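The block underneath contains the structure these notes are about, expressed in structure tokens.
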Amino acid sequence: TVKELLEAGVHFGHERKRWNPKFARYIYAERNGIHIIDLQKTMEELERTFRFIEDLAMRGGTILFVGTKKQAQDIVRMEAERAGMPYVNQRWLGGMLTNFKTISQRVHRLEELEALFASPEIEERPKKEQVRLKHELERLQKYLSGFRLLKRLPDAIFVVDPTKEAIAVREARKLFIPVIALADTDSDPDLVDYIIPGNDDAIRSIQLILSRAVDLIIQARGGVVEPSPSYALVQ
RNA sequence: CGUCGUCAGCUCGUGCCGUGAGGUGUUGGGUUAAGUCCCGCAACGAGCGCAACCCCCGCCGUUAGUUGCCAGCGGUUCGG
Ligand SMILES: [K+]
Ligand SMILES: [K+]
Ligand SMILES: [Mg+2]
Ligand SMILES: [Mg+2]
Ligand SMILES: [Mg+2]
Ligand SMILES: [Mg+2]
Ligand SMILES: [Mg+2]
Ligand SMILES: [Mg+2]
Ligand SMILES: [Mg+2]
Ligand SMILES: [Mg+2]
Ligand SMILES: [Mg+2]
Ligand SMILES: [Mg+2]
Ligand SMILES: [Mg+2]
């Protein structure tokens with residue numbers, strides 16, 4: 001909530017190509033063939049976006065975090081592992097929202113296998129199943145790591161790159177789900193309901209935005225939490 | 001009942017794409033006897049198939065000696 005001047009490394013967009021003309025309103029200028037985001041409109045939209053986040057958080061709503069860009073996976077896997085908003089980390093499975101019932105059946109199988117590895121029934125039905133179900137539970141935890149928390153459809157989604165995660169955006173639009181996204185120059189701003197015009201490639205931009213967002217979430221429900229242990233993920 | 005053919009296939013549920021017949025999944029890369037499995041993927045699962053569970057032959061044991069052996073000894077018309 002105090003990220004006015006601390007925006008170090010967010011204004012750097014993508015190159016001259018691979019952009020989207022609809023983003024021109026959020027662009028300041030072009031330095032050395034690289035689009036640079038307008039600093040003013042960034043906080044201009046941040047006001048409205050963080051205000052919507054605070055409103056939805058103090059109401060007890062759930063926000064799905066979607067990150068697959070390989071530069072925000074390790075960040076989302078813990079910023080959502082904070083206050084219980086679920087997340088999608090490895091890859092976004094087609095139908096996680098429009099076919100939510102079938103994915104919830106997969107989650108039922110996940111907790112079923114977790115219960116079988118808690119009961120003494122691990123030894124019966126010998127080692128063949130003890131390896132098959134082991135690998136099955138392994139991949140179910142790999143893909144449904146954060147998704148297992150969604151009991152019903154979420155009240156909003158948070159995307160790190162709406163171009164890389166366009167399928168999730170489309171599925172949210174189909175179900176009238178508000179779409180919060182950290183957009184860059186390579187994305188269509190019209191599809192995003194609450195835009196955050198920043199950088200999606202750098203690690204510091206994602207860490208800053210998501211840390212401040214989860215901090216605002218916990219602040220909307222009281223009990224301000226310590227600074228997130230995501231700085232060590234700079235490496 | 002024969003046959004394609006023990007061939008590796010044929011479909012469904014939900015989602016998604018297309019005005020629609022339909023497509024996706026079942027395509028792809030690796031792999032196997034196999035739609036076998038792995039990885040990837042707007043798909044996620046499932047059914048009938050594949051394989052497995054059944055029978056026979058291969059090694060060993062337990063249980064039991066009207067089948068078997070001077071394995072072990074005695075008798076022997078010396079033929080367990
Ligand atoms: K068309
Ligand atoms: K193949
Ligand atoms: Mg065959
Ligand atoms: Mg179908
Ligand atoms: Mg057509
Ligand atoms: Mg249609
Ligand atoms: Mg079909
Ligand atoms: Mg087909
Ligand atoms: Mg095809
Ligand atoms: Mg199969
Ligand atoms: Mg596939
Ligand atoms: Mg007899
Ligand atoms: Mg006998």
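Ordered as shown in the structure tokens, chains take letters A, B, and onward, while each chain numbers its residues from 1 and ligands are numbered from 1 in the order shown.
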
Next on the checklist: Distance limit 12 Å, atoms considered: only C-alpha atoms (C1' of nucleotides). Which chain A residues sit that close to chain B? Return them as JSON, numbers by chain.
Outcome noted: {"A": [91, 92, 93, 94, 95, 96, 97, 98, 99, 100, 101, 102, 103, 104, 105, 106, 107, 109, 128, 132, 135, 166, 167, 168, 170, 171, 174]}

Range 18-195 of chain A: residues DSSP assigns to strand (DSSP E or B), reported as a compact mmCIF listing (two decimals) with N, CA and C atoms, in the first residue's frame:
# COMPACT_ATOMS: atom_id res chain seq x y z
N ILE A 27 0.90 3.14 -22.02
CA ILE A 27 2.32 3.21 -22.36
C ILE A 27 2.75 4.67 -22.33
N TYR A 28 3.89 4.94 -21.69
CA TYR A 28 4.43 6.30 -21.64
C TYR A 28 5.16 6.65 -22.93
N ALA A 29 6.20 5.90 -23.26
CA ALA A 29 7.01 6.16 -24.45
C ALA A 29 7.78 4.88 -24.79
N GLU A 30 8.73 5.01 -25.72
CA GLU A 30 9.56 3.89 -26.16
C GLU A 30 11.02 4.30 -26.08
N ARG A 31 11.75 3.71 -25.14
CA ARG A 31 13.18 3.97 -24.96
C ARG A 31 13.97 2.77 -25.46
N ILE A 34 12.00 -0.47 -26.55
CA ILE A 34 11.32 -1.21 -25.49
C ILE A 34 10.19 -0.34 -24.96
N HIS A 35 8.96 -0.87 -24.98
CA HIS A 35 7.83 -0.15 -24.41
C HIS A 35 8.01 0.01 -22.91
N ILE A 36 7.73 1.21 -22.42
CA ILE A 36 7.80 1.52 -21.00
C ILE A 36 6.42 1.95 -20.54
N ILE A 37 5.94 1.34 -19.45
CA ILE A 37 4.58 1.57 -18.98
C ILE A 37 4.48 2.97 -18.39
N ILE A 63 -10.14 -15.88 -3.97
CA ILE A 63 -9.47 -15.42 -5.18
C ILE A 63 -8.52 -16.52 -5.65
N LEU A 64 -8.68 -16.93 -6.90
CA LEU A 64 -7.81 -17.93 -7.50
C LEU A 64 -6.61 -17.24 -8.13
N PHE A 65 -5.41 -17.71 -7.79
CA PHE A 65 -4.17 -17.20 -8.36
C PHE A 65 -3.68 -18.16 -9.43
N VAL A 66 -3.35 -17.62 -10.60
CA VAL A 66 -2.94 -18.42 -11.75
C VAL A 66 -1.57 -17.94 -12.20
N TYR A 87 -4.55 -21.65 -5.66
CA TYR A 87 -3.68 -21.25 -6.75
C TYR A 87 -3.51 -22.40 -7.74
N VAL A 88 -3.06 -22.04 -8.94
CA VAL A 88 -2.71 -22.99 -10.00
C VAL A 88 -1.28 -22.68 -10.41
N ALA A 156 -13.23 -14.52 -7.70
CA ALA A 156 -12.37 -13.72 -8.57
C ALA A 156 -11.12 -14.54 -8.87
N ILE A 157 -10.47 -14.21 -9.98
CA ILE A 157 -9.21 -14.84 -10.35
C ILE A 157 -8.14 -13.76 -10.49
N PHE A 158 -6.90 -14.16 -10.22
CA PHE A 158 -5.74 -13.28 -10.34
C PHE A 158 -4.73 -13.94 -11.27
N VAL A 159 -4.38 -13.25 -12.35
CA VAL A 159 -3.51 -13.78 -13.39
C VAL A 159 -2.22 -12.96 -13.42
N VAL A 179 -11.99 -10.64 -13.44
CA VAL A 179 -10.64 -11.03 -13.84
C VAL A 179 -9.68 -9.93 -13.41
N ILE A 180 -8.89 -10.20 -12.38
CA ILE A 180 -7.77 -9.34 -12.01
C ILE A 180 -6.53 -9.90 -12.66
N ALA A 181 -5.74 -9.03 -13.29
CA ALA A 181 -4.57 -9.51 -14.01
C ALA A 181 -3.47 -8.46 -13.98
N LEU A 182 -2.23 -8.93 -13.83
CA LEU A 182 -1.04 -8.10 -14.01
C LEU A 182 -0.71 -8.13 -15.50
N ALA A 183 -1.20 -7.14 -16.23
CA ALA A 183 -1.05 -7.13 -17.68
C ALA A 183 0.26 -6.47 -18.09
N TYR A 194 -10.07 -5.81 -14.03
CA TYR A 194 -9.29 -4.94 -13.15
C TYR A 194 -7.82 -5.12 -13.53
N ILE A 195 -7.28 -4.14 -14.24
CA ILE A 195 -5.96 -4.25 -14.86
C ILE A 195 -4.89 -3.73 -13.91

Item to check | Distance query residue 7 in chain B at most 12 Å, only C-alpha atoms (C1' of nucleotides), self and fewer than 3 positions along chain excluded, as a PyMOL selection string | outcome: chain B and resi 4+33-34+49-50

Checklist entry - Between CA of residue 152 in chain A and CA of residue 139 in chain A, what is the distance, to one decimal in Å? => result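 According to the coordinates, CA of residue 152 in chain A and CA of residue 139 in chain A are separated by 22.2 Å.
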
Item to check | Given 8 Å and only C-alpha atoms (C1' of nucleotides) and all ligand atoms, residues near ligand 9 as number ranges by chain | outcome: B: 23-24, 26-27

Checklist entry - Can you tell me how far CA of residue 43 in chain A sits from CA of residue 25 in chain A, in Å to one decimal? => result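 CA of residue 25 in chain A lies 13.9 Å from CA of residue 43 in chain A.
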
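You will find CA of residue 234 in chain A at 16.4 Å from CA of residue 6 in chain A.
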
Checklist entry - Counting only C-alpha atoms (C1' of nucleotides) and all ligand atoms, what residues are within 12 Å of ligand 12, given as a VMD selection string? => result chain B and resid 65 to 67

Surroundings of ligand 5 up to 9 Å, based on only C-alpha atoms (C1' of nucleotides) and all ligand atoms, as a PDB file with C-alpha atoms (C1' of nucleotides), in the first residue's frame:
ATOM      1  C1'   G B  18     -17.588 -25.045 -35.449  1.00  0.00           C
ATOM      2  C1'   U B  19     -23.945 -22.122 -38.238  1.00  0.00           C
ATOM      3  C1'   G B  20     -23.761 -27.355 -39.117  1.00  0.00           C
TER       4        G B  20
END

Item to check | In range 79-231 of chain A, DSSP alpha helix (DSSP H) residues written as number ranges by chain | outcome: A: 79, 100-116, 127-143, 166-174, 203-220
